[PDB]
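Asks: Input file: upload-v2.pdb. Contents: PDB, C-alpha atoms.
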ATOM      1  CA  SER A  42     100.414 121.162  84.152  1.00  0.00           C
ATOM      2  CA  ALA A  43     100.924 117.917  82.207  1.00  0.00           C
ATOM      3  CA  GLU A  44     100.815 116.044  85.527  1.00  0.00           C
ATOM      4  CA  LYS A  45      97.412 117.539  86.418  1.00  0.00           C
ATOM      5  CA  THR A  46      95.904 116.584  83.031  1.00  0.00           C
ATOM      6  CA  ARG A  47      97.248 113.055  83.334  1.00  0.00           C
ATOM      7  CA  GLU A  48      95.651 112.801  86.780  1.00  0.00           C
ATOM      8  CA  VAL A  49      92.242 113.702  85.265  1.00  0.00           C
ATOM      9  CA  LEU A  50      92.745 110.722  82.937  1.00  0.00           C
ATOM     10  CA  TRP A  51      93.490 108.383  85.838  1.00  0.00           C
ATOM     11  CA  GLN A  52      90.443 109.755  87.693  1.00  0.00           C
ATOM     12  CA  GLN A  53      88.185 108.850  84.789  1.00  0.00           C
ATOM     13  CA  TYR A  54      89.860 105.489  84.253  1.00  0.00           C
ATOM     14  CA  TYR A  55      89.495 104.249  87.858  1.00  0.00           C
ATOM     15  CA  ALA A  56      85.974 105.627  88.309  1.00  0.00           C
ATOM     16  CA  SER A  57      84.809 103.944  85.099  1.00  0.00           C
ATOM     17  CA  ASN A  58      82.870 100.701  85.304  1.00  0.00           C
ATOM     18  CA  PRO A  59      83.616  98.575  83.475  1.00  0.00           C
ATOM     19  CA  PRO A  60      87.190  99.874  83.113  1.00  0.00           C
ATOM     20  CA  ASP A  61      87.341 102.137  80.062  1.00  0.00           C
ATOM     21  CA  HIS A  62      90.155 101.062  77.729  1.00  0.00           C
ATOM     22  CA  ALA A  63      89.840 104.101  75.491  1.00  0.00           C
ATOM     23  CA  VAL A  64      90.852 106.243  78.458  1.00  0.00           C
ATOM     24  CA  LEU A  65      93.663 103.841  79.292  1.00  0.00           C
ATOM     25  CA  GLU A  66      94.826 103.974  75.649  1.00  0.00           C
ATOM     26  CA  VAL A  67      95.129 107.764  75.891  1.00  0.00           C
ATOM     27  CA  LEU A  68      97.180 107.255  79.098  1.00  0.00           C
ATOM     28  CA  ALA A  69      99.352 104.624  77.412  1.00  0.00           C
ATOM     29  CA  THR A  70      99.985 106.629  74.255  1.00  0.00           C
ATOM     30  CA  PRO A  71     103.012 108.751  75.305  1.00  0.00           C
ATOM     31  CA  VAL A  72     104.451 105.787  77.239  1.00  0.00           C
ATOM     32  CA  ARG A  73     104.303 103.504  74.216  1.00  0.00           C
ATOM     33  CA  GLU A  74     105.890 106.265  72.094  1.00  0.00           C
ATOM     34  CA  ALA A  75     108.748 106.662  74.591  1.00  0.00           C
ATOM     35  CA  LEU A  76     109.290 102.888  74.836  1.00  0.00           C
ATOM     36  CA  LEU A  77     109.240 102.434  71.062  1.00  0.00           C
ATOM     37  CA  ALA A  78     111.856 105.213  70.823  1.00  0.00           C
ATOM     38  CA  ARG A  79     114.138 103.207  73.159  1.00  0.00           C
ATOM     39  CA  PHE A  80     113.346  99.645  72.020  1.00  0.00           C
ATOM     40  CA  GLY A  81     111.473  99.776  68.693  1.00  0.00           C
ATOM     41  CA  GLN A  82     114.586  98.964  66.642  1.00  0.00           C
ATOM     42  CA  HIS A  83     115.820  96.309  69.090  1.00  0.00           C
ATOM     43  CA  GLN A  84     115.788  92.786  67.710  1.00  0.00           C
ATOM     44  CA  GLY A  85     117.082  89.511  69.081  1.00  0.00           C
ATOM     45  CA  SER A  86     117.260  88.700  72.788  1.00  0.00           C
ATOM     46  CA  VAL A  87     116.346  90.912  75.703  1.00  0.00           C
ATOM     47  CA  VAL A  88     118.982  91.749  78.292  1.00  0.00           C
ATOM     48  CA  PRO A  89     117.116  91.913  81.626  1.00  0.00           C
ATOM     49  CA  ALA A  90     119.817  93.538  83.788  1.00  0.00           C
ATOM     50  CA  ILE A  91     120.123  96.409  81.285  1.00  0.00           C
ATOM     51  CA  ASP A  92     116.678  96.691  79.700  1.00  0.00           C
ATOM     52  CA  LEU A  93     114.424  96.388  82.746  1.00  0.00           C
ATOM     53  CA  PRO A  94     115.966  99.366  84.595  1.00  0.00           C
ATOM     54  CA  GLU A  95     115.628 101.390  81.372  1.00  0.00           C
ATOM     55  CA  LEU A  96     111.996 100.292  80.969  1.00  0.00           C
ATOM     56  CA  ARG A  97     111.185 101.196  84.586  1.00  0.00           C
ATOM     57  CA  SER A  98     112.894 104.576  84.100  1.00  0.00           C
ATOM     58  CA  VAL A  99     110.518 105.321  81.217  1.00  0.00           C
ATOM     59  CA  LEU A 100     107.469 104.234  83.254  1.00  0.00           C
ATOM     60  CA  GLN A 101     108.590 106.533  86.112  1.00  0.00           C
ATOM     61  CA  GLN A 102     108.633 109.530  83.739  1.00  0.00           C
ATOM     62  CA  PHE A 103     104.829 109.278  83.584  1.00  0.00           C
ATOM     63  CA  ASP A 104     103.484 107.467  86.654  1.00  0.00           C
ATOM     64  CA  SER A 105     104.545 106.607  90.183  1.00  0.00           C
ATOM     65  CA  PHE A 106     105.334 102.996  90.983  1.00  0.00           C
ATOM     66  CA  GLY A 107     102.315 100.790  91.611  1.00  0.00           C
ATOM     67  CA  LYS A 108      99.252  99.300  89.934  1.00  0.00           C
ATOM     68  CA  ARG A 109      99.380 102.106  87.314  1.00  0.00           C
ATOM     69  CA  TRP A 110     102.495 100.494  85.850  1.00  0.00           C
ATOM     70  CA  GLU A 111     100.646  97.180  85.372  1.00  0.00           C
ATOM     71  CA  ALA A 112      97.719  98.804  83.548  1.00  0.00           C
ATOM     72  CA  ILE A 113     100.002 100.927  81.390  1.00  0.00           C
ATOM     73  CA  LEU A 114     102.246  97.965  80.471  1.00  0.00           C
ATOM     74  CA  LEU A 115      99.278  95.804  79.447  1.00  0.00           C
ATOM     75  CA  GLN A 116      97.780  98.643  77.400  1.00  0.00           C
ATOM     76  CA  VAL A 117     101.112  99.392  75.688  1.00  0.00           C
ATOM     77  CA  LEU A 118     101.192  95.734  74.557  1.00  0.00           C
ATOM     78  CA  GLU A 119      97.737  96.128  72.944  1.00  0.00           C
ATOM     79  CA  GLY A 120      99.184  98.754  70.572  1.00  0.00           C
ATOM     80  CA  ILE A 121     102.309  96.793  69.577  1.00  0.00           C
ATOM     81  CA  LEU A 130     108.047  94.027  68.135  1.00  0.00           C
ATOM     82  CA  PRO A 131     108.706  90.855  70.152  1.00  0.00           C
ATOM     83  CA  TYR A 132     111.624  92.543  71.914  1.00  0.00           C
ATOM     84  CA  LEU A 133     109.533  95.181  73.701  1.00  0.00           C
ATOM     85  CA  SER A 134     106.703  92.708  74.183  1.00  0.00           C
ATOM     86  CA  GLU A 135     109.096  90.281  75.889  1.00  0.00           C
ATOM     87  CA  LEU A 136     110.564  93.043  78.056  1.00  0.00           C
ATOM     88  CA  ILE A 137     107.077  94.034  79.161  1.00  0.00           C
ATOM     89  CA  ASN A 138     106.191  90.506  80.068  1.00  0.00           C
ATOM     90  CA  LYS A 139     109.359  90.148  82.200  1.00  0.00           C
ATOM     91  CA  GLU A 140     108.468  93.330  84.128  1.00  0.00           C
ATOM     92  CA  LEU A 141     104.875  92.146  84.581  1.00  0.00           C
ATOM     93  CA  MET A 142     106.243  88.923  86.119  1.00  0.00           C
ATOM     94  CA  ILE A 143     108.232  91.042  88.590  1.00  0.00           C
ATOM     95  CA  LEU A 144     105.214  93.234  89.424  1.00  0.00           C
ATOM     96  CA  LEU A 145     103.253  90.085  90.323  1.00  0.00           C
TER      97      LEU A 145
END
How does this structure look as structure tokens?

Replies:
Amino acid sequence: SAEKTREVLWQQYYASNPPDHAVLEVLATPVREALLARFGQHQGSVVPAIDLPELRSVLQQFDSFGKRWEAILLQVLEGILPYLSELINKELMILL
């Protein structure tokens, strides 16, 4: 399944030393696409109470809550809009 393939990616990412960002970029690709589809045309100010739940809902489509979210979020940023960037940074502050 798609879940099994994605787990092979995570296996290779976490085993890797130093951490392999090319593998993480593959992991982040569909997540970035989904986030850009929700927020790519958003300009102006973020709305935390609305946008953060939506952002977390997207993350949950791909990966279970935890340290995977932090890696994905950081890697998504590498491939991008100040709106989505700001949203990501607010979630990262929460995940700290």

Asks: With the file shown as input, list the residues that the PyMOL selection byres ((chain A and resi 99) around 12) selects, as a VMD selection string.

Replies: chain A and resid 69 71 to 80 92 to 98 100 to 106 110 113 to 114 137

Asks: Distance CA of residue 135 in chain A-CA of residue 62 in chain A, one decimal place?

Replies: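 Value for the CA of residue 135 in chain A-CA of residue 62 in chain A distance: 21.9 Å.
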
Asks: Let me know the centre plus edge lengths, in Å and rounded to one decimal, of a box with edges along x, y and z that contains all listed atoms of range 105-131 of chain A and is padded by 6 Å on every side, as lines of an AutoDock Vina configuration file.

Replies:
center_x = 103.2
center_y = 98.7
center_z = 79.9
size_x = 23.0
size_y = 27.8
size_z = 35.5

Asks: From the set A:43, A:144, A:68, A:136, which residue has the shortest atom-to-atom contact distance to residue 83 in chain A, counting all atoms listed in the file?

Replies: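 The shortest atom-to-atom distance to residue 83 in chain A comes from A:136.
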
Asks: CA of residue 115 in chain A and CA of residue 50 in chain A are how many Å apart?

Replies: 16.7 Å

Asks: Nearest to residue 89 in chain A among A:107, A:120, A:56, A:139, with distances taken over all atoms listed in the file: which residue is it?

Replies: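 Distance minimum relative to residue 89 in chain A lands on A:139.
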
Asks: Given the choices A:53, A:60, A:70, A:86, which gets closest to residue 131 in chain A if the distance is worked out from all atoms listed in the file?

Replies: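 Looking only at the distances to residue 131 in chain A, the closest residue turns out to be A:86.
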
Asks: Find the residue from A:138, A:91, A:143, A:47 that sits nearest to residue 117 in chain A; use all atoms listed in the file when measuring.

Replies: A:138

Asks: Have a look at CA of residue 64 in chain A and CA of residue 48 in chain A and let me know their distance in Å, one decimal.

Replies: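 Pair CA of residue 64 in chain A / CA of residue 48 in chain A returns 11.6 Å.
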